[PDB]
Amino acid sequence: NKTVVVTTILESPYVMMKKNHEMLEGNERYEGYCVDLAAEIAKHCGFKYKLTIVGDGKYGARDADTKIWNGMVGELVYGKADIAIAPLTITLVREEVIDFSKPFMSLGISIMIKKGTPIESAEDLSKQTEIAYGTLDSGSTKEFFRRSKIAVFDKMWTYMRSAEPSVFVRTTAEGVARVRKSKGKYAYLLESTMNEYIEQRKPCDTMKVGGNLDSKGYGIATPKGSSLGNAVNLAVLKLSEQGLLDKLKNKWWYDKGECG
């Protein structure tokens, strides 16, 4: 029995520092949906664990030239963590190098605007130039646009990849701040889960517009062939069927909502 090293990422409301974190130690420093989920998964699988925050603050992408993975995916691939418990999107390129559990949450790519921005859809963004728009770096949303051969999305990528100044951001928090401070001239493409959370937080000045652009899931990731993968997968299904995943979503999204 060794202590399982969990890689995760500071991303609200999945993993956040507690208000009084500087007087706390180890796993107790953190709170959120994924902190609660990690505790449940560990209990059902019978392991002790240490939450670590991913060194480079990234989800994970492969460098096209060196072929080296960064982010949480890299931490699994290179043996620096035993499991990733985070809002980590299940994707084909990742499933080729790590294992994922069945999904614990559904999501799709979505559009965040400052309230009153005259945009209702992806189509709307693609047909104009007044309002800039971008995505997170080193994540699945950027890759979605990079690979899409859907007319509207391909046009969006052509604009985004060459836009000056850069429309990409290092963290979700940076993307949201950019929307909030840009007086309606920046829209942000991000996962519906994070969009819907921010929509219910003060100062209540953003909103999700239009339908989701795709439909996918987050999964708990382990290194290819790991001894933990089987148990973790069954634990996710058990938590789903018990209603625990629904309980946690309600706890962290809507019970804590502050826009009424």
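The numbering used is simple: start at 1 and walk along the sequence shown.
Between 219-227 and 53-61, the higher mean Cα B-factor belongs to 219-227.
Comparing the deposited coordinates for 180-188 and 102-110, the stretch with the larger average C-alpha B-factor is 180-188.
In this entry, the residue among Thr172, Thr91, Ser126, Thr141 with the greatest C-alpha B factor is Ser126.
Note on the listed residues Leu136, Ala151, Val97, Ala81: the highest Cα temperature factor in the record is that of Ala151. In the PDB entry, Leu245 places in the middle third of its chain by CA B-factor. Annotation for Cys34: C-alpha temperature factor in the lowest third relative to the rest of the modelled chain, per the entry. Compared with the other modelled residues of the chain, the Cα B-factor recorded for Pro165 ranks in the highest third. Compared with the other modelled residues of the chain, the Cα B-factor recorded for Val6 ranks in the lowest third.
In this PDB entry, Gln200 carries a Cα temperature factor that places it within the highest third of its chain's modelled residues.
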